[PDB]
Amino acid sequence: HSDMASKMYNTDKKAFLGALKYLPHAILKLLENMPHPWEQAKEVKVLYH
Amino acid sequence: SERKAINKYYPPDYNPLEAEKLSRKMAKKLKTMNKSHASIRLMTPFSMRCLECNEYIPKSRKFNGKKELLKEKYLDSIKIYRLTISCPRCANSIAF
Amino acid sequence: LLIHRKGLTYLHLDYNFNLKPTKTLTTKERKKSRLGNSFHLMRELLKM
Amino acid sequence: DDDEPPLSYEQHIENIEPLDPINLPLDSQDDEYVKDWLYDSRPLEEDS
Amino acid sequence: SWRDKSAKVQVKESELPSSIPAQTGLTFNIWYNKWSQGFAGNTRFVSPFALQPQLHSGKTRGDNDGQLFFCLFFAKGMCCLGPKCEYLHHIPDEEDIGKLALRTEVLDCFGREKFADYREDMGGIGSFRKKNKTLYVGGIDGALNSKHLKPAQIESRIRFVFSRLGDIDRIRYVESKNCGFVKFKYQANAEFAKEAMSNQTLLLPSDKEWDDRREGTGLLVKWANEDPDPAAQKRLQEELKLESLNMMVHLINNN
Amino acid sequence: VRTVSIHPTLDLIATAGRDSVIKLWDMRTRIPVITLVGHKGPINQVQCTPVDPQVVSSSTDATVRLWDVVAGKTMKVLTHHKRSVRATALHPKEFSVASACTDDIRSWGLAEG
Amino acid sequence: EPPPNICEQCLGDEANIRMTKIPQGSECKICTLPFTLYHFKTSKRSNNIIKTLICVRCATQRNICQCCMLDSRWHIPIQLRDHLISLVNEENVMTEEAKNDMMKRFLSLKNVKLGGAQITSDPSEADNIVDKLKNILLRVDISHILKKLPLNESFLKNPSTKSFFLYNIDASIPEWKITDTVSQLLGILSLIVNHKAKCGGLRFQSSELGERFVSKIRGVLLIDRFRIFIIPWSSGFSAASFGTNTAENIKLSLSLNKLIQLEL
Amino acid sequence: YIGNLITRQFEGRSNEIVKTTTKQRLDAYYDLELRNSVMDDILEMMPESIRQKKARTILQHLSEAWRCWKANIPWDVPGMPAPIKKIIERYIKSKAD
Amino acid sequence: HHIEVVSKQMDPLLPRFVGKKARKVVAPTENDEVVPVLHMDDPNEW
RNA sequence: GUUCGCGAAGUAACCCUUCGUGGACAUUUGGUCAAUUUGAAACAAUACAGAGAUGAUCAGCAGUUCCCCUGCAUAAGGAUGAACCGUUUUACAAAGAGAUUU
Ligand SMILES: [K+]
Ligand SMILES: [Mg+2]
Ligand SMILES: [Mg+2]
Ligand SMILES: [Zn+2]
Ligand SMILES: [Zn+2]
Ligand SMILES: [Zn+2]
Ligand SMILES: [Zn+2]
């Protein structure tokens, strides 16, 4: 989903715009799990569409 | 974007000097860059009467008019401009 | 995609989430492209 | 830069070994009860 | 027969054309897949691809899956999937018309849903009200790259290409209007042939123009309006009466 | 808005005005559950009633209307008044409504219209 | 909210059909207003998915199936139905369809049946119509091209000919019927017919096919008792044989007509 | 916020936005309701029930009475019916208060 | 025919009602029943 | 495939390896949707016109509408957002009086 020019991505484009209302939640969840200074690389469980 | 935006987007390859030089080459061929008059909004500076249809035009009426810089200059130094309106009833061109 | 669905391709979004016009805009373009606080709040949170 | 896309993680980042984090050097004797585990991501998460 | 062989791959996946259309504005709109900021230059272009029915037809997964609908891109001569295609890769025939005979009232032979009203352009899929079997063939000058050609010669070309694509009732060419009308036996063949011949050239390999065939605009194949010719109108009335009388038999025998 | 009437048994109110409709509101959720359409002019009075017809309304169109609120339909239209039916009242102890024009007060049995 | 109106021929013959309901999932093809979409498959492993294209109130207005728009009693299309009824009723009835979108929305909400629908929406009327239907069934360069056309010569055994000239073609005849009857005779073929000329030409693949064609009965060919006449055309033909314009074709047709009337 | 925006993008904007009575709209809505009140009273009391042109005439007399009140000019129209005169003066006094 | 009616779970990131739009409609005022109006029997003064 | 059981051959080994075979375990995805022109995004450009009240210029705030746009919006803005400027004949009678059909 880099360019999304083909007709196959119409439903995906609609899903993208509908995802926009849930971004601040995702931003909270990301920043909440931010690595602290003593850890190099934090593996995190994710949920994705 | 707002009226008072500070920045416009330039493409990453944009060189301003080459861009101006290219746009200068382009400007000699565009229609609206080479037409002989500039459209302006202006008030009628004095009361005047159309000669085609005898309509009185009062002072301070707003018009959409054409501005021409003339070749002649006052004492060869100061710019003179013709200001052209069109009569509101009969659409005939009035100039001063 | 929200910018482009609204037809505002004359606005460009940087990869650091600044929104800039690509050209000096007509008055009709300015009225048509007057995005609101929802978009801008979303954009600046993404920027942070 | 504003005009550079966000980096591909797998191409540019996944292969690089990370640098040392901020860890204070603990004493092998005088911190012995915490030295083995203080800096884990979830300390003692496997110690039943 | 097409049943004797597996379907040929018409175009490879790497050979398929780009999805971004030819530029007609200053900026590409990632939503609409079209150019914004100005609109200049024509959007029509000649198809790089053309169906070759005896060469390209063959069995696919659709024949094994019990599929009804034909492949849209097979008709366009640009199907990527070849024998792995879910859709049927052959010219429609009475067997498949019979299999389509329920869905045909509201669907295209390509399985596209029909509309109430035709487009003002008379292009597109067509109306579920009309059951039209006739194609208008325009843009013939562009389809020949503006080559001068005699009217009977043009008619012979149109006769050749459209007769590969189905059973035909009538072909007529009108010199004054410089347009052709092709009527099929079945609406499914009119549906198919429209998409098969849209944006194509009428040129030959034998022509002097063949090496620049891609430059102009191709054939403009649309649904035909009702024929204003009174002979055609009374013929239409006669076949309407015949269809009605044949239907009375079914209604009476069922009730 | 020209009038409000509180339903005697339901947690419901009726309201009407110059927009020529009666809107019934659930008190709690503040949703306009039902809009009653049929008056041809401003509504002057609304009366809520414990059984069908559960709303009675009077209008500048010179009608009194008796409503089935579940169907969204009139039970009866009363067309005996000449002018705007500006005033109305329920009788507290018998199943009847009075209504008035200029010079013309009338009383109606609500079980029948 | 009314139930879906789907015919048995859409639903098939399986004992059970799973159906998916989607409130306000689709916009009606007739009236453009939203409606509750139903969609189903005739069996679990059938690969085509059938959906309601029109809303229930448009369907009851027309007495048609929501999934195939054929009449929900007689299983025939609206145009043919209204035409059939208007042969039994002297005063014509037809389904008048809105063209403006606001009129499409307006028309769909009035609860009155349209065209032939009410005459088919109850059994008494529909049965009366079919009872009456049983009574119905109980009741200028011509002077040059005429030497290019083979009209001077005859249908013969000896000359090997791959191409033939067809005339006395009635305009009612489609091209496919001609090809089909030749296919029947040969037990299976490039055809040009110009209907404004009322004549045509037939070209075979190889000489043995033409010889087998001339082996079966100037000659004659039959299409529903239209007597197409046939002549061997040794000189090869093209579309130009019948005239370059419409007027030339019509003039040729009249010339061929008087030649036929002399031959008969 | 984003939900309402994207809802407008797909569903479109509601056809029936009811503007509320803010202080920019207060005087105009007062005028409309007062005008309707005067018209209801006069069309109810007139014996002949003739409406279409008579209404537009009567409310001009109302507006003239208001101008006279603000000017402190005595509003007196010769041949005005006494009851309609009383109705107009009644509504002018309420607006004045 | 016995029909099992289900309602499959919608993609929460797509619009919930695909056919839904803001569109205006003029409703027909059809009515079969005529309603009677039931009244009974110096212009310079007014 | 794993496993329980029973036959044939290894190994008179009844367990282990192989072959034949009975049973158990596991049971119907997905699509409202196909990949460029012909099932419908908008601005911009070009030419011409041009700014609500009226003598002139301008602040506005409304209303009606099967016009909506921007906006989180029941706020506000869009020229006071636009459209509004046109068209206009009968619920038609009474009294006379002069030409006239009958
Ligand atoms: K203003
Ligand atoms: Mg405003
Ligand atoms: Mg306004
Ligand atoms: Zn003048
Ligand atoms: Zn294919
Ligand atoms: Zn509908
Ligand atoms: Zn059906």
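We use all heavy atoms of the structure for the numbers below, so side chains are in, but hydrogens, waters and symmetry mates are not. Convention: sequence-line order gives letters A, B, ...; per-chain numbering from 1.
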Tabulate below the donor-acceptor pairs under 3.5 Å that side-chain atoms of residues 4-17 of chain I make, not counting sequence neighbours, or state none.
unit_1	atom_1	unit_2	atom_2	d
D11(I)	OD1	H49(A)	NE2	2.8
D11(I)	OD1	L13(I)	N	3.2
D11(I)	OD2	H49(A)	NE2	3.3

task = Starting from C1' on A41(J), measure out to CZ on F28(E) and report it in whole angstrom.
result = 13 Å
ask   = Given the P atoms of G81(J) and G63(J), what is the spacing between them in whole Å?
value = 10 Å
OP1 or OP2 of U46(J) under 4.0 Å from side-chain N/O of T32(B) = yes
note = Here the distance between atom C1' of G39(J) and atom CD of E195(E), to the nearest Å, is 11 Å
note = Per atom distances to the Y10(C) side chain, the nearest of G63(J), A51(J), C43(J) is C43(J)
query = Given the cut-offs of 5.5 Å for six-ring centres and 30° for planes, are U28(J) and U29(J) stacked?
reply = no
message = Looking only at the aromatic ring of each residue, does the gap between the centers of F110(E) and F192(E) stay below 6.0 angstrom?
response = yes
key: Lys/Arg-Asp/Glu bridge criterion (N-O < 4.0 Å) met for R18(F), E33(H)   = yes
inquiry  = I need the CD-P distance between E48(H) and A91(J), as an integer number of Å.
reply    = 16 Å
ask   = Closer than 4.0 Å, any side-chain N/O of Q24(H) to the OP1 or OP2 of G60(J)?
value = no
inquiry  = For a quick check, with a 4.0 angstrom heavy-atom cut-off, what is the B/S/- contact string for nucleotides 31-36 of chain J, read 5' to 3'?
reply    = BBBBBB
Charged tip of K29(G) within 45° of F115(E) ring normal and under 6.0 Å = yes
Could you pull out the protein-nucleic contacts involving nucleotides 71-73 of chain J (nitrogen or oxygen on both sides, under 3.5 Å)?
unit_1	atom_1	unit_2	atom_2	d
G71(J)	OP2	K6(C)	NZ	3.2
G71(J)	OP2	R8(H)	NH1	2.9
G71(J)	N7	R8(H)	NE	3.4
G71(J)	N7	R13(H)	NH2	3.0
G71(J)	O6	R13(H)	NE	2.7
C72(J)	OP1	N37(C)	N	3.1
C72(J)	OP1	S38(C)	N	2.8
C72(J)	OP2	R8(H)	NH2	3.1
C72(J)	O2'	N4(H)	ND2	2.7
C72(J)	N3	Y1(H)	OH	3.4
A73(J)	OP1	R8(H)	NE	2.7
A73(J)	OP2	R8(H)	NE	3.2
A73(J)	OP2	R8(H)	NH2	2.9

message = Looking at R112(E) and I125(E), would you say the former's side chain and the latter's main chain have a donor-acceptor pair under 3.5 Å?
response = no
query = For every nucleotide of nucleotides 80-88 of chain J, 5' to 3': is a protein heavy atom under 4.0 Å from its base (B), only from its sugar-phosphate (S), or from neither (-)?
reply = ---------
request  = Measure the distance from NZ on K110(G) to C1' on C66(J) and round it to the nearest whole Å.
outcome  = 15 Å
message = Please confirm whether the shortest side-chain N or O distance from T26(C) to OP1 or OP2 of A44(J) is below 4.0 Å.
response = yes
task = Would you check if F115(E) stacks with the base of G39(J), given a 5.5 Å centroid limit and a 30° plane limit, both strict?
result = yes
task = Please work out if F106(G) contacts a base, only the sugar-phosphate, or nothing of the nucleic acid, heavy-atom cut-off 4.0 Å.
result = nothing
ask   = Charged N to carboxylate O below 4.0 Å: is that the case for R23(I) and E27(G)?
value = yes
query = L32(H) CG to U64(J) P: how many Å, rounded?
reply = 8 Å
ask   = Between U38(J) and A59(J), is there Watson-Crick or G-U wobble pairing, both distances under 3.5 Å?
value = no
Whether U88(J) stacks with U89(J) under 5.5 Å centre spacing and 30° plane angle = no
task = Please state whether the base of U38(J) and the side chain of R119(E) form at least one donor-acceptor pair under 3.5 Å?
result = no
task = Please determine if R43(C) forms a cation-pi arrangement with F39(C), meaning its NZ or CZ atom is less than 6.0 Å from the six-membered ring centre and no more than 45° off the ring axis.
result = no
ask   = Hey, does the side chain of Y29(H) come within less than 4.0 Å of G63(J)'s phosphate (OP1/OP2), counting only N and O?
value = yes
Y56(B) side chain to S47(B) side chain, donor-acceptor N/O pair below 3.5 angstrom = yes
request  = Counting heavy atoms from C-beta on, name the nucleotide in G50(J), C68(J), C61(J) closest to the side chain of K24(I).
outcome  = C68(J)
message = So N64(B) and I40(B), do their side chains get closer than 4.5 Å, heavy atoms only?
response = no
query = Paired with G98(J) by Watson-Crick or G-U wobble geometry, both distances under 3.5 Å: which nucleotide is it?
reply = none
ask   = Would you call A42(J) syn or anti, using the 90° rule around 0?
value = anti
inquiry  = Just to confirm a value in my table: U37(J) sugar, north or south, sign of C1'-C2'-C3'-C4'.
reply    = south
inquiry  = Could you tell me how far apart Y118(E) (OH) and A40(J) (P) are, to the nearest whole angstrom?
reply    = 18 Å
request  = May I ask you to verify if any side-chain N or O of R25(H) is less than 4.0 angstrom from the OP1 or OP2 atom of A62(J)?
outcome  = yes
Distance, rounded to the nearest Å, where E16(H) contributes CD and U64(J) contributes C1' = 13 Å
query = For the ring pair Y32(E) and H4(C), is the centre-to-centre distance below 6.0 Å?
reply = no
request  = Would you check if there is a donor-acceptor pair between the side chains of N4(H) and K21(A) at a distance under 3.5 Å?
outcome  = no
message = Pairing donors with acceptors under 3.5 angstrom, does anything connect the side chains of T9(C) and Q37(E)?
response = yes
ask   = Is the side chain of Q66(G) donor-acceptor paired with the backbone N or O of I54(G) at a distance under 3.5 Å, no angle test?
value = yes
ask   = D117(E): what forms a side-chain contact (heavy atoms from CB on, under 4.5 Å) with it, not counting sequence neighbours?
value = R129(E), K104(G)
query = Which nucleotide in the set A75(J), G50(J), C43(J) lies at the smallest distance from any side-chain heavy atom of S86(B)?
reply = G50(J)
query = Do you know the tightest heavy-atom contact between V106(E) and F128(E)?
reply = CA-CB, 4.5 Å
query = Pucker class of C19(J) from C1'-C2'-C3'-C4', north or south?
reply = north
request  = Starting from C1' on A41(J), measure out to CG on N10(A) and report it in whole angstrom.
outcome  = 13 Å
request  = Please state yes or no: are the six-membered rings of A8(J) and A9(J) less than 5.5 angstrom apart at their centres, with planes tilted under 30 degrees?
outcome  = yes
inquiry  = Under a plain distance cut-off of 3.5 Å, with no hydrogens placed, do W25(F) and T15(F) share a side-chain donor-acceptor pair?
reply    = yes
request  = Go along nucleotides 52-58 of chain J 5' to 3' and tag each nucleotide: B for a protein heavy atom under 4.0 Å from its base, S when only backbone or sugar atoms are that close, - otherwise.
outcome  = ---SSSS
